[PDB]
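Novice: Okay, so here is coords.cif, and as you'll see once you scroll down, it has mmCIF, C-alpha atoms.
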data_upload
#
loop_
_atom_site.label_atom_id
_atom_site.label_comp_id
_atom_site.auth_asym_id
_atom_site.auth_seq_id
_atom_site.Cartn_x
_atom_site.Cartn_y
_atom_site.Cartn_z
CA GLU A 1 -2.34 -5.26 -33.25
CA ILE A 2 1.12 -3.86 -34.00
CA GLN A 3 0.93 -0.09 -34.42
CA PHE A 4 2.62 1.69 -37.31
CA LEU A 5 4.22 5.11 -37.70
CA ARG A 6 2.11 7.54 -39.72
CA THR A 7 3.27 10.91 -41.02
CA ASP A 8 1.42 13.33 -38.74
CA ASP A 9 2.79 11.79 -35.54
CA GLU A 10 4.96 13.14 -32.72
CA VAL A 11 8.00 10.94 -32.07
CA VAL A 12 11.25 11.01 -30.11
CA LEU A 13 14.50 9.52 -31.41
CA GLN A 14 15.93 7.27 -28.68
CA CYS A 15 19.18 5.33 -28.42
CA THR A 16 21.07 3.26 -25.85
CA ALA A 17 24.61 3.82 -24.58
CA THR A 18 26.80 1.30 -22.75
CA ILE A 19 28.92 3.27 -20.26
CA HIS A 20 30.80 1.82 -17.26
CA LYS A 21 28.90 -1.46 -17.63
CA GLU A 22 25.41 0.05 -17.62
CA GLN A 23 22.83 0.97 -20.24
CA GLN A 24 21.54 4.55 -20.45
CA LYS A 25 18.69 5.76 -22.66
CA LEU A 26 19.32 9.02 -24.52
CA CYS A 27 16.88 11.04 -26.62
CA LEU A 28 18.08 13.29 -29.42
CA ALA A 29 17.40 16.93 -28.54
CA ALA A 30 18.02 20.39 -29.93
CA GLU A 31 17.27 23.92 -28.77
CA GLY A 32 17.01 25.73 -32.11
CA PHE A 33 17.21 29.11 -30.38
CA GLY A 34 20.79 30.32 -30.00
CA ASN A 35 22.12 26.78 -30.57
CA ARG A 36 21.64 24.69 -33.70
CA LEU A 37 23.70 21.64 -32.69
CA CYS A 38 22.01 18.49 -31.43
CA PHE A 39 22.72 16.88 -28.06
CA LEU A 40 21.41 13.98 -25.96
CA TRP B 1 -7.66 11.13 -13.29
CA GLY B 2 -5.07 9.65 -10.95
CA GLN B 3 -2.21 9.96 -13.45
CA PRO B 4 0.98 11.30 -11.82
CA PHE B 5 2.80 14.19 -13.46
CA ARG B 6 5.15 17.11 -12.88
CA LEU B 7 4.34 20.81 -13.12
CA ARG B 8 7.22 22.77 -14.67
CA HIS B 9 7.26 26.56 -14.46
CA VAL B 10 7.96 27.62 -18.04
CA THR B 11 9.36 31.08 -17.25
CA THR B 12 11.87 29.89 -14.65
CA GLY B 13 12.42 26.33 -15.85
CA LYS B 14 12.00 24.99 -12.31
CA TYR B 15 9.71 22.18 -11.17
CA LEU B 16 7.10 22.48 -8.44
CA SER B 17 7.88 20.37 -5.38
CA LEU B 18 6.85 19.84 -1.77
CA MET B 19 9.38 20.05 1.05
CA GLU B 20 8.01 19.28 4.50
CA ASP B 21 9.47 22.37 6.17
CA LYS B 22 8.55 25.01 3.56
CA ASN B 23 5.62 23.36 1.69
CA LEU B 24 5.43 24.28 -2.01
CA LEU B 25 8.62 25.52 -3.63
CA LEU B 26 10.33 25.56 -7.03
CA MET B 27 13.39 23.35 -7.47
CA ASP B 28 16.01 22.93 -10.17
CA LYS B 29 15.84 20.19 -12.79
CA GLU B 30 18.64 18.24 -11.09
CA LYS B 31 16.79 18.03 -7.75
CA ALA B 32 13.30 17.01 -8.95
CA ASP B 33 13.26 13.52 -7.42
CA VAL B 34 9.70 12.49 -8.46
CA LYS B 35 8.82 11.76 -4.82
CA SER B 36 8.45 15.46 -4.01
CA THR B 37 7.51 16.66 -7.52
CA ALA B 38 4.75 14.16 -8.37
CA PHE B 39 1.27 15.68 -8.51
CA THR B 40 -2.14 14.38 -9.55
CA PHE B 41 -5.46 15.78 -10.77
CA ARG B 42 -8.51 14.49 -8.89
CA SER B 43 -12.14 14.69 -9.97
CA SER B 44 -13.35 15.03 -6.37
CA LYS B 45 -11.65 15.86 -3.09
CA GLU B 46 -12.97 12.77 -1.28
CA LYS B 47 -10.37 10.14 -0.35
CA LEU B 48 -11.15 7.61 -3.05
CA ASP B 49 -7.56 6.69 -3.99
CA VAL B 50 -8.54 3.98 -6.47
CA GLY B 51 -5.01 3.90 -7.90
CA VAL B 52 -3.84 0.68 -9.59
CA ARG B 53 -4.55 2.16 -13.02
CA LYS B 54 -2.98 0.23 -15.88
CA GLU B 55 -0.98 2.40 -18.27
CA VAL B 56 -2.26 2.26 -21.86
CA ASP B 57 0.16 2.26 -24.80
CA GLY B 58 -1.88 4.71 -26.83
CA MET B 59 -3.52 8.11 -26.89
CA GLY B 60 -5.92 6.90 -24.20
CA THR B 61 -9.38 8.19 -23.39
CA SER B 62 -9.92 11.91 -22.88
CA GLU B 63 -10.98 12.58 -19.28
CA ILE B 64 -9.92 16.04 -18.06
CA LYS B 65 -11.38 18.92 -20.07
CA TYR B 66 -10.16 22.51 -20.31
CA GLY B 67 -12.25 25.02 -18.37
CA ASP B 68 -15.29 22.81 -17.84
CA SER B 69 -13.65 20.18 -15.63
CA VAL B 70 -12.87 21.05 -12.01
CA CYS B 71 -9.53 19.68 -10.80
CA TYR B 72 -8.03 19.05 -7.36
CA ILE B 73 -4.23 18.93 -7.24
CA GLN B 74 -2.93 16.27 -4.85
CA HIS B 75 0.63 15.33 -3.96
CA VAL B 76 1.22 11.68 -4.85
CA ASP B 77 3.65 10.79 -2.07
CA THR B 78 1.96 12.52 0.87
CA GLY B 79 -1.65 12.77 -0.30
CA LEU B 80 -1.81 16.45 0.64
CA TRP B 81 -4.07 18.83 -1.29
CA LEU B 82 -3.32 22.22 -2.80
CA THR B 83 -5.11 25.04 -1.00
CA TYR B 84 -4.77 28.75 -0.31
CA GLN B 85 -3.46 30.42 2.84
CA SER B 86 -6.62 32.62 2.94
CA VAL B 87 -4.66 35.48 4.58
CA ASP B 88 -2.70 38.15 2.70
CA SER B 89 -2.36 41.96 -6.33
CA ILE B 90 -4.29 39.13 -4.69
CA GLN B 91 -1.06 37.49 -3.45
CA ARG B 92 -2.52 34.50 -1.60
CA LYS B 93 0.26 32.04 -0.75
CA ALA B 94 -0.32 28.41 -1.74
CA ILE B 95 0.09 25.72 0.92
CA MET B 96 -0.31 21.97 1.40
CA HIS B 97 -3.08 21.00 3.81
CA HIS B 98 -4.37 17.51 4.55
CA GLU B 99 -8.07 18.39 4.31
CA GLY B 100 -7.70 21.53 2.18
CA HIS B 101 -10.56 24.01 2.06
CA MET B 102 -14.18 24.11 0.94
CA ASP B 103 -13.23 25.62 -2.45
CA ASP B 104 -9.98 24.13 -3.79
CA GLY B 105 -11.26 23.53 -7.32
CA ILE B 106 -8.82 24.42 -10.10
CA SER B 107 -9.72 25.17 -13.71
CA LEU B 108 -7.26 24.75 -16.57
CA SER B 109 -6.75 27.27 -19.38
CA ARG B 110 -4.59 26.15 -22.29
CA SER B 111 -1.99 28.55 -23.65
CA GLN B 112 -1.33 29.35 -27.29
CA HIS B 113 1.61 27.82 -29.13
CA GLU B 114 2.97 31.30 -29.81
CA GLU B 115 2.72 32.18 -26.11
CA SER B 116 4.51 28.99 -25.04
CA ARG B 117 7.20 29.59 -27.67
CA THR B 118 7.68 33.13 -26.37
CA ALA B 119 7.89 31.96 -22.75
CA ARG B 120 10.55 29.35 -23.50
CA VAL B 121 12.48 31.86 -25.62
CA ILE B 122 12.33 34.23 -22.65
CA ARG B 123 13.77 31.63 -20.28
CA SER B 124 16.54 30.63 -22.70
CA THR B 125 17.42 34.28 -23.33
CA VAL B 126 17.54 35.19 -19.64
CA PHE B 127 19.79 32.19 -18.99
CA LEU B 128 22.18 33.08 -21.81
CA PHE B 129 22.24 36.81 -21.01
CA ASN B 130 22.82 36.18 -17.31
CA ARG B 131 25.73 33.93 -18.28
CA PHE B 132 27.09 36.68 -20.53
CA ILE B 133 26.73 39.33 -17.81
CA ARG B 134 28.45 37.10 -15.25
CA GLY B 135 31.28 36.45 -17.70
CA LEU B 136 31.73 40.17 -18.30
CA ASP B 137 31.74 40.80 -14.54
CA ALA B 138 34.37 38.08 -14.10
#
Any chance you could put this one into structure tokens?
Specialist:
Amino acid sequence: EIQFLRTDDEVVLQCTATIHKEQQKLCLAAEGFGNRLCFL
Amino acid sequence: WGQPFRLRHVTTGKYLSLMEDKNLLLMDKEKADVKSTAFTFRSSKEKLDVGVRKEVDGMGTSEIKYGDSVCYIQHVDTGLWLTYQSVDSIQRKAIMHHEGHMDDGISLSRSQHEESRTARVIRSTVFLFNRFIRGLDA
């Protein structure tokens, strides 16, 4: 059966990018220590 | 059992790998090419090699237990086993050997969340401070 997202779950935010005619998967990431901005 | 994985050294941020000339060695993130960095836990040292396990889209079934279970680390690509050099605190160099030794069992001890946090903070801080020192030297 199709699984659902509950609250107390560990997830990763993923997206796709089309660069030079290819698809790349990128996950949102952040360090938190010494750097608050988010990268991929 | 049989699931491939990578072992990352938290303090240095480098991944364990096997080069043919100089056996076990730590390598940077950009050079961990799965073929040399893939390792596997084995219940027994005998050459079973069942493989062909189907990946399960879920939490799975708990197999390897902390402390109680005895593990045998095996390189996926070459099939070599982790074993000690047996010649010289303790400082016993770790090597890859095809038939290993009589006692190659490995136990696993989980670390605390605070300890893991502190280790990763240490690695980030040493990276940033080394960058700062190199910039000042330049």
Novice: Could you list, as an MDAnalysis selection string, the residues of chain B having an atom within 9 Å of chain A when counting only C-alpha atoms?
Specialist: chainID B and resid 121 124:125 128
Novice: One number please: CA of residue 27 in chain A to CA of residue 118 in chain B, in Å, one decimal.
Specialist: 23.9 Å
Novice: So which residues touch residue 110 in chain B within 12 Å, counting only C-alpha atoms, skipping near sequence neighbours fewer than 4 positions away, as a PDB file with C-alpha atoms, keeping the file's coordinate frame?
Specialist:
ATOM      1  CA  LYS B  65     -11.380  18.920 -20.070  1.00  0.00           C
ATOM      2  CA  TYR B  66     -10.160  22.510 -20.310  1.00  0.00           C
ATOM      3  CA  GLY B  67     -12.250  25.020 -18.370  1.00  0.00           C
ATOM      4  CA  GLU B 114       2.970  31.300 -29.810  1.00  0.00           C
ATOM      5  CA  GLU B 115       2.720  32.180 -26.110  1.00  0.00           C
ATOM      6  CA  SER B 116       4.510  28.990 -25.040  1.00  0.00           C
TER       7      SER B 116
END
Novice: As a check of understanding, name the residues that the PyMOL selection byres ((chain B and resi 83) around 6) selects in the supplied structure, as a compact mmCIF listing (two decimals) with C-alpha atoms, in the frame of the given file.
Specialist:
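Final file, out_17.txt:
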# COMPACT_ATOMS: atom_id res chain seq x y z
CA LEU B 82 -3.32 22.22 -2.80
CA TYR B 84 -4.77 28.75 -0.31
CA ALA B 94 -0.32 28.41 -1.74
CA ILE B 95 0.09 25.72 0.92
CA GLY B 100 -7.70 21.53 2.18
CA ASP B 104 -9.98 24.13 -3.79
Novice: On this file, the PyMOL selection byres ((chain A and resi 1) around 12) gives some set of residues; write that set as a list in words.
Specialist: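 Taken on the displayed file, the PyMOL selection byres ((chain A and resi 1) around 12) yields the residues residues 2, 3 and 4 of chain A; 57 and 58 of chain B.
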Novice: When you draw a straight line from CA of residue 13 in chain A to CA of residue 28 in chain A, how long is it in Å?
Specialist: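 Distance between the two atoms: 5.6 Å.
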Novice: To verify the selection step, state as a list in words which residues the PyMOL selection byres ((chain B and resi 3) around 8) yields on this input.
Specialist: residues 1, 2, 4, 5, 40 and 41 of chain B
Novice: Could you tell me how far CA of residue 76 in chain B lies from CA of residue 11 in chain B, in Å and to one decimal?
Specialist: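 Distance between the two atoms: 24.4 Å.
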Novice: Excluding residue 123 in chain B and residues on its chain fewer than 4 positions from it, collect all residues at most 8 Å away from it, counting all atoms listed in the file, and give them as a PyMOL selection string.
Specialist: chain B and resi 10-13+119+127
Novice: Select, from B:80, B:33, B:39, B:137, the residue with the minimum atom-to-atom distance to residue 20 in chain B, counting only C-alpha atoms.
Specialist: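 Of all the options, B:80 lies closest to residue 20 in chain B.
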Novice: Using all atoms listed in the file, find all polymer residues with an atom at most 7 Å away from the point (9.2, 21.1, -7.6); report them as an mmCIF file with C-alpha atoms, keeping the file's coordinate frame.
Specialist:
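Dumped everything to part.cif:
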data_model
loop_
_atom_site.group_PDB
_atom_site.id
_atom_site.type_symbol
_atom_site.label_atom_id
_atom_site.label_comp_id
_atom_site.auth_asym_id
_atom_site.auth_seq_id
_atom_site.Cartn_x
_atom_site.Cartn_y
_atom_site.Cartn_z
ATOM 1 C CA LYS B 14 12.000 24.990 -12.310
ATOM 2 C CA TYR B 15 9.710 22.180 -11.170
ATOM 3 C CA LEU B 16 7.100 22.480 -8.440
ATOM 4 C CA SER B 17 7.880 20.370 -5.380
ATOM 5 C CA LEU B 18 6.850 19.840 -1.770
ATOM 6 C CA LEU B 25 8.620 25.520 -3.630
ATOM 7 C CA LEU B 26 10.330 25.560 -7.030
ATOM 8 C CA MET B 27 13.390 23.350 -7.470
ATOM 9 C CA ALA B 32 13.300 17.010 -8.950
ATOM 10 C CA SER B 36 8.450 15.460 -4.010
ATOM 11 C CA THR B 37 7.510 16.660 -7.520
#
